[PDB]
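Since the structure comes first, as structure tokens, the remarks are kept for the end.
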Amino acid sequence: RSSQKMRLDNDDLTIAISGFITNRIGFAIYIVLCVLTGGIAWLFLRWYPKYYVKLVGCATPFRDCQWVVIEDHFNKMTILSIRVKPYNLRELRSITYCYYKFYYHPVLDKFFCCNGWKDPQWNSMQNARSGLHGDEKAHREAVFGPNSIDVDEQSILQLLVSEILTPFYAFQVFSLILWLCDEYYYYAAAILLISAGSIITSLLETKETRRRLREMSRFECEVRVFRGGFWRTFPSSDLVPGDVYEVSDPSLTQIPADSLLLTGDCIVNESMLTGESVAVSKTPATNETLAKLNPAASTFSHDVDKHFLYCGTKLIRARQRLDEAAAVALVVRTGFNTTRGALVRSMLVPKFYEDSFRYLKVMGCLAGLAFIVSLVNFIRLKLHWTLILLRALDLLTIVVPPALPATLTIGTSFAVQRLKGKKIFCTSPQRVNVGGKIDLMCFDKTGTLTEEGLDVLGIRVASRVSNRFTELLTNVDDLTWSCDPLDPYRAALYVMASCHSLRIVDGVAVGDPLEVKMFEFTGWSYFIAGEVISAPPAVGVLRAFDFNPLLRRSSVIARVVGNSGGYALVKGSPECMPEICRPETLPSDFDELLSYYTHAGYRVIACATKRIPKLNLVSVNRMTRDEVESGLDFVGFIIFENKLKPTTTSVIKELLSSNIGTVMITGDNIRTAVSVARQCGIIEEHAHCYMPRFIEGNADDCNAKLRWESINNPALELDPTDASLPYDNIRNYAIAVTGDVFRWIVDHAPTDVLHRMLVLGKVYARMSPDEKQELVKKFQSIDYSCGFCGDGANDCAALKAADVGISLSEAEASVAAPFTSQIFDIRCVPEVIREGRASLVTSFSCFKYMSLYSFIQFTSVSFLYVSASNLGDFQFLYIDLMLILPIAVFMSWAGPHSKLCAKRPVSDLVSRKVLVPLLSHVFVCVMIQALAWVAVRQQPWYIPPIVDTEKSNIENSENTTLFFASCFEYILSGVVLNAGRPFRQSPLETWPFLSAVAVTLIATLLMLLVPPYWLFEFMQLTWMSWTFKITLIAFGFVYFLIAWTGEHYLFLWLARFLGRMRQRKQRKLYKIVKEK
Ligand code: BEF
Ligand SMILES: [Mg+2]
């Protein structure tokens, strides 16, 4: 065999592998053998390697191969090499591509994806609790390896060539060489140092930020592993499949590796990997799950899910110790194979400046014509042969300025610093300019909009005087004073505060996460719990009949200090309670209130009490459970909820103000996602909802029909044959799609169902990571640009597909986003949007200015190549150093405004609104230069330029006039082409830029009006007339006025005028279509 095609199911790649030996016996044209090119051939074949491979390697079978080459379906090429190890076949020939680790098979002569995955013959029969008896940490750790070591930025060269190395290098290097050959001492060095400093600074900054963020993601833990029948502590990075450890140990807080409980139980919280906001319980494996276990499965059935622990899931509680341990666990998948890991690896597999590429190619095309005409004129004047190339090739390096990327990078860093000054850290500087075109902002529910746990909302009390519920009573302070365990209020306070199996450790209890929050809601101090000292008596606890799967309630026998008798306090599930309680106490509104509080997403809990007169140390053990819950008295409801973060609503309001659509994408259920949306503002307060349900046939059938119904009032609907419009509070509505209906729609849709759904859909629930990324792709296909404020691994993949990615937890693997935040809130988005818009407008301003610079320079030179006399060699330097770089750099020294606006900056460079003002600025600048030149042509003397010689003489009156006019144009155009009040702070407010402009203009005025004689010789000036010296000032002033008035009024009007003359986004059509 000599080739192979894989099939990668986790991410569709279908890679192609082919093996090649190293150089031939004769390799005289190898990359370094082409030393005549040196680095040129290296550059040529670094990106496109087909010639590289055809030059070097020939086909060899995989048995004797020396390096393999990998080809995915993007037609993107890569080259890897095999490794070698001499023990268990006699050699593990293998390769590694994007963290997939492919093993050779000496028997069938093909590659395999880790031989699939292992199900050991010794493991999983009945009892794999023996442990790794002997040497099974060396003979088996070689195959599997350590736990999730990512990369150390393989070499600096890839980072340099990807993040920083712009395509402008070739012409820039040629320009530096030409200037070196043309006696440019100062400016070549200035350009080289500025570019090198900026690039090295960027590379070092990004490397250090990446290191700082990656070091925190290690999360290394310690575990008490069985080895050979002994108990030994070990680091978390020393585990292989078939190795037992223990869970009940207090020092453990996160599951090390994906596992399978064998003895005991536990309660865990899988929030981040799935999205559910409810803690889950686990149970052992009964020798039937072990046989029905294939670790290769992408997602398990319900049983094996019920017995697994997922790596990274937070451990809440375990069966406590009796010196021993009661929660052992087996290890099945370690490394990248873990479910949390597989998202990280599959994230990295898939690999505006093109406008600058267009400008570069157009400028090169124009430089061709300029070169042609310059050579024609030079050969017409038959000047010295050497001087028919150098000064006839400076045209190219002055029509394609090389100082552009440096100033763009500096302007970007002036915003990256402001971002890092607000606790927001950026790991990819390019995305800042993408922040100014966000037209949709997607969120997540658990962890970003709302806190990650359940919080008690209030207490409802079933009075005994009138069988009617009472108000919400959100605070215990009002609870204590309320009156009518004979009093139901106290019988509710006791059950909230006492009656729980909590084990306090450090003044804050640890245990089941439901009654804990209840305990802190009570606020008392904790086998007796005395009330807060700031009148409630002291409660005593005797014995607890705790939770049972069959009977959903728990009970406690308590004794008040003051009273002689005792009480039985029970807390349970309202579904089963009424058959226990005394029927003449239920307030007849039980069903309605329960249904109301359940159909909104909340969760409820019922309390009941029973007085018992005779209680002693004997009857406590004598009486069984049934007598405790024989007949009791209902008290009321304890209502949970999913609390919002305190500041989310204001941020959502401000985003809705500035005409930015918002949607919510979650993984929880829909019944609470709708209510969470309705509280904050994503859905309007009175807007209806509409859900699509299969009228007949599940997602299996391709012919199934879908009915779009309401939620609050069934039997009502909007159109299905498809209009997504109200059939037959009606102008506003929103569609909330489940997680399987969306899959069926994307599988089958008339392309109008999908589009109207995507325009109207607001609250998606039960969505999976692949569903999330397909949704983001469809969102971008209808011509959006959607940011994503995700926080967990469950939505890591989407964070890569979005245009702008934010994150809320740098600790976990959500570092995929180009951004990262250290203040966990939604208060992070408006700042990013503001900075993005300001950076966009500043980048366009600087780009237009630096592209007008070239035309100024070219016109000034071309008025002079008629007589073959350049500007000089020091006026060039003054213009290119003291005039451009200060103005161009300091024009980006500002910050964004404080408040958002409904407006939006332009985003397309080649549009008919960024280019027309530029060309008209050119057509006023050339007008004023040629005007001054004509003004000096006739009225003043000395106007003859010296006839052509071997050395192009440069002391004329056609040099000095077109040097001052050019200088004034540089300064004033730099002032005018600015970004002011609409998206930045007022220029008058910030001093650096305006003071730089003032000092430079004073310098020029001093050099013109009364020039020092030593400087009058240092440059090649010539004497002028007082009147003409005033005239130059007048020309500068009128350029200022004309440029300002045109830039604010004229050229935008002419833009629309020419657009209308030329008259002779897939969405924003559907909105009008469905306006009703
Ligand atoms: F925690 Be979220 F659902 F990504
Ligand atoms: Mg999550």
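Note on naming: chains are A, B, ... as they come in the structure tokens, residues start from 1 per chain, ligands start from 1 in the order shown.
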Which of range 592-828 of chain A DSSP labels strand (DSSP E or B), written as an mmCIF file with C-alpha atoms, in the first residue's frame:
data_model
loop_
_atom_site.group_PDB
_atom_site.id
_atom_site.type_symbol
_atom_site.label_atom_id
_atom_site.label_comp_id
_atom_site.auth_asym_id
_atom_site.auth_seq_id
_atom_site.Cartn_x
_atom_site.Cartn_y
_atom_site.Cartn_z
ATOM 1 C CA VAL A 604 -41.758 24.012 43.818
ATOM 2 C CA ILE A 605 -41.507 22.169 47.138
ATOM 3 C CA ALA A 606 -44.211 21.388 49.714
ATOM 4 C CA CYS A 607 -43.985 21.416 53.518
ATOM 5 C CA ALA A 608 -46.169 19.835 56.173
ATOM 6 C CA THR A 609 -46.183 19.482 59.949
ATOM 7 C CA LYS A 610 -47.716 17.233 62.590
ATOM 8 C CA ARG A 611 -47.852 17.824 66.338
ATOM 9 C CA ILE A 612 -47.049 14.817 68.541
ATOM 10 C CA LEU A 632 -50.236 15.540 58.533
ATOM 11 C CA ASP A 633 -51.065 19.197 57.889
ATOM 12 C CA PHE A 634 -50.019 21.037 54.720
ATOM 13 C CA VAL A 635 -48.393 24.458 55.202
ATOM 14 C CA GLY A 636 -47.361 25.882 51.847
ATOM 15 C CA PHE A 637 -45.012 26.061 48.879
ATOM 16 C CA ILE A 638 -41.309 26.893 48.670
ATOM 17 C CA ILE A 639 -40.577 28.199 45.181
ATOM 18 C CA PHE A 640 -37.193 27.964 43.489
ATOM 19 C CA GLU A 641 -36.055 29.980 40.468
ATOM 20 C CA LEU A 644 -30.689 36.679 36.895
ATOM 21 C CA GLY A 661 -30.814 42.267 17.365
ATOM 22 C CA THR A 662 -30.343 39.795 20.201
ATOM 23 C CA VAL A 663 -31.202 36.102 20.486
ATOM 24 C CA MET A 664 -30.668 33.515 23.213
ATOM 25 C CA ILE A 665 -29.162 30.081 22.547
ATOM 26 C CA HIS A 688 -46.761 35.948 22.249
ATOM 27 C CA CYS A 689 -44.730 32.822 21.562
ATOM 28 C CA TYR A 690 -45.027 30.182 18.849
ATOM 29 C CA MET A 691 -43.510 26.700 18.895
ATOM 30 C CA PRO A 692 -43.376 24.195 16.025
ATOM 31 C CA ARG A 693 -44.571 20.679 16.877
ATOM 32 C CA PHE A 694 -44.826 17.569 14.704
ATOM 33 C CA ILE A 695 -48.510 17.257 13.820
ATOM 34 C CA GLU A 696 -47.863 13.664 12.708
ATOM 35 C CA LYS A 705 -45.773 17.923 8.735
ATOM 36 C CA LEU A 706 -45.174 20.700 11.251
ATOM 37 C CA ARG A 707 -47.773 22.833 13.048
ATOM 38 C CA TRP A 708 -46.699 26.181 14.509
ATOM 39 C CA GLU A 709 -48.826 26.628 17.646
ATOM 40 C CA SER A 710 -48.896 29.005 20.597
ATOM 41 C CA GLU A 717 -51.661 28.974 15.198
ATOM 42 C CA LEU A 718 -49.888 30.955 12.521
ATOM 43 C CA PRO A 726 -50.595 34.866 11.910
ATOM 44 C CA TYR A 733 -44.490 37.561 18.249
ATOM 45 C CA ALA A 734 -41.432 35.346 18.455
ATOM 46 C CA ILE A 735 -40.648 31.733 17.578
ATOM 47 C CA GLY A 761 -36.565 32.929 15.916
ATOM 48 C CA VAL A 763 -35.259 31.748 22.079
ATOM 49 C CA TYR A 764 -33.717 28.434 21.006
ATOM 50 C CA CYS A 786 -23.118 37.515 14.778
ATOM 51 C CA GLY A 787 -21.079 37.744 17.939
ATOM 52 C CA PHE A 788 -21.390 35.116 20.661
ATOM 53 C CA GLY A 805 -15.930 35.658 20.058
ATOM 54 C CA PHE A 819 -11.361 37.742 23.151
ATOM 55 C CA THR A 820 -11.491 36.880 26.835
ATOM 56 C CA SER A 821 -12.965 38.707 29.820
#
What are the nearest atom pairs, with distances in Å to one decimal, for all residues of chain A that come at most 8 Å from ligand 2, using only C-alpha atoms and all ligand atoms, set out by chain and rising residue number as a Markdown table?
| residue | atom | partner | partner_atom_place_in_ligand_line | distance |
| --- | --- | --- | --- | --- |
| A:271 | CA | ligand 2 | 1 (Mg) | 6.5 |
| A:272 | CA | ligand 2 | 1 (Mg) | 4.2 |
| A:273 | CA | ligand 2 | 1 (Mg) | 6.0 |
| A:274 | CA | ligand 2 | 1 (Mg) | 6.2 |
| A:275 | CA | ligand 2 | 1 (Mg) | 4.7 |
| A:444 | CA | ligand 2 | 1 (Mg) | 7.5 |
| A:446 | CA | ligand 2 | 1 (Mg) | 6.5 |
| A:447 | CA | ligand 2 | 1 (Mg) | 7.0 |
| A:666 | CA | ligand 2 | 1 (Mg) | 7.8 |
| A:667 | CA | ligand 2 | 1 (Mg) | 7.4 |
| A:790 | CA | ligand 2 | 1 (Mg) | 7.4 |
| A:791 | CA | ligand 2 | 1 (Mg) | 6.1 |
| A:792 | CA | ligand 2 | 1 (Mg) | 4.0 |
| A:793 | CA | ligand 2 | 1 (Mg) | 6.0 |
| A:794 | CA | ligand 2 | 1 (Mg) | 4.7 |
| A:795 | CA | ligand 2 | 1 (Mg) | 6.1 |
Checklist line | Point-to-point distance from CA of residue 801 in chain A to CA of residue 675 in chain A, Å rounded to tenths | finding: 28.1 Å
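Residue nearest residue 502 in chain A, chosen from A:989, A:515, A:109, A:471 and counting only C-alpha atoms: A:515.
We find CA of residue 920 in chain A and CA of residue 1058 in chain A to be spaced 12.6 Å apart.
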Margin query: as a ChimeraX atom specification, please: the residues near range 744-754 of chain A (cut-off 9 Å, only C-alpha atoms, same-chain neighbours under 6 positions excluded).
Written below: /A:699-700,702,720,722-724,774
Produce a file of the selected residues containing N, CA and C atoms, as a PDB file, in the first residue's frame.
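Resulting contents of selection_2.pdb:
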ATOM      1  N   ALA A 699     -39.176  13.112  13.702  1.00  0.00           N
ATOM      2  CA  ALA A 699     -38.112  13.520  12.793  1.00  0.00           C
ATOM      3  C   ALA A 699     -37.613  12.377  11.922  1.00  0.00           C
ATOM      4  N   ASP A 700     -38.007  11.138  12.218  1.00  0.00           N
ATOM      5  CA  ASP A 700     -37.603  10.009  11.387  1.00  0.00           C
ATOM      6  C   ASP A 700     -38.181  10.114   9.981  1.00  0.00           C
ATOM      7  N   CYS A 702     -39.454  11.624   6.532  1.00  0.00           N
ATOM      8  CA  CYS A 702     -39.164  12.773   5.681  1.00  0.00           C
ATOM      9  C   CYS A 702     -40.421  13.526   5.265  1.00  0.00           C
ATOM     10  N   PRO A 720     -48.554  27.530   8.420  1.00  0.00           N
ATOM     11  CA  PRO A 720     -47.560  26.456   8.359  1.00  0.00           C
ATOM     12  C   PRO A 720     -46.333  26.856   7.554  1.00  0.00           C
ATOM     13  N   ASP A 722     -46.693  27.911   3.474  1.00  0.00           N
ATOM     14  CA  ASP A 722     -45.689  28.353   4.438  1.00  0.00           C
ATOM     15  C   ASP A 722     -45.598  29.873   4.354  1.00  0.00           C
ATOM     16  N   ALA A 723     -45.989  30.549   5.429  1.00  0.00           N
ATOM     17  CA  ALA A 723     -45.876  31.996   5.495  1.00  0.00           C
ATOM     18  C   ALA A 723     -45.328  32.498   6.821  1.00  0.00           C
ATOM     19  N   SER A 724     -45.267  31.651   7.848  1.00  0.00           N
ATOM     20  CA  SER A 724     -44.862  32.038   9.199  1.00  0.00           C
ATOM     21  C   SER A 724     -45.485  33.375   9.596  1.00  0.00           C
ATOM     22  N   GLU A 774     -24.027  24.774  13.456  1.00  0.00           N
ATOM     23  CA  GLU A 774     -24.841  24.841  12.244  1.00  0.00           C
ATOM     24  C   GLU A 774     -25.750  26.063  12.261  1.00  0.00           C
TER      25      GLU A 774
END
Write out as a JSON list (two decimals) with C-alpha atoms, in the first residue's frame which residues come within 9 Å of range 163-172 of chain A when counting only C-alpha atoms, dropping same-chain ones fewer than 3 positions away.
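Output file out_14.json is given in full below:
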[["chain", "number", "residue", "atom", "x", "y", "z"],
["A", 158, "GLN", "CA", 4.38, 29.83, 12.00],
["A", 159, "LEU", "CA", 3.10, 32.48, 14.42],
["A", 160, "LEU", "CA", 5.14, 35.14, 12.62],
["A", 175, "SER", "CA", 11.83, 49.30, -1.97],
["A", 176, "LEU", "CA", 14.41, 49.09, 0.83],
["A", 177, "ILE", "CA", 16.98, 47.65, -1.58],
["A", 199, "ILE", "CA", 6.36, 43.38, 14.56],
["A", 202, "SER", "CA", 3.28, 42.30, 18.56],
["A", 203, "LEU", "CA", 4.78, 38.81, 18.45],
["A", 357, "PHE", "CA", -4.70, 43.28, -1.68],
["A", 360, "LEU", "CA", -1.90, 46.73, -3.93],
["A", 396, "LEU", "CA", 6.98, 52.00, -7.90],
["A", 397, "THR", "CA", 8.15, 52.51, -4.32],
["A", 400, "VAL", "CA", 2.94, 51.75, -3.21],
["A", 401, "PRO", "CA", 3.94, 53.23, 0.18],
["A", 402, "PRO", "CA", 5.65, 50.73, 2.50],
["A", 403, "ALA", "CA", 5.01, 52.61, 5.77],
["A", 405, "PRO", "CA", 1.24, 48.36, 7.75],
["A", 428, "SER", "CA", -5.94, 38.09, 18.26],
["A", 429, "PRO", "CA", -5.53, 41.78, 17.37],
["A", 430, "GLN", "CA", -7.19, 41.46, 13.95]]
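Minimum atom-to-atom distance to residue 460 in chain A, evaluated using only C-alpha atoms, belongs to A:594 out of A:291, A:741, A:505, A:594.
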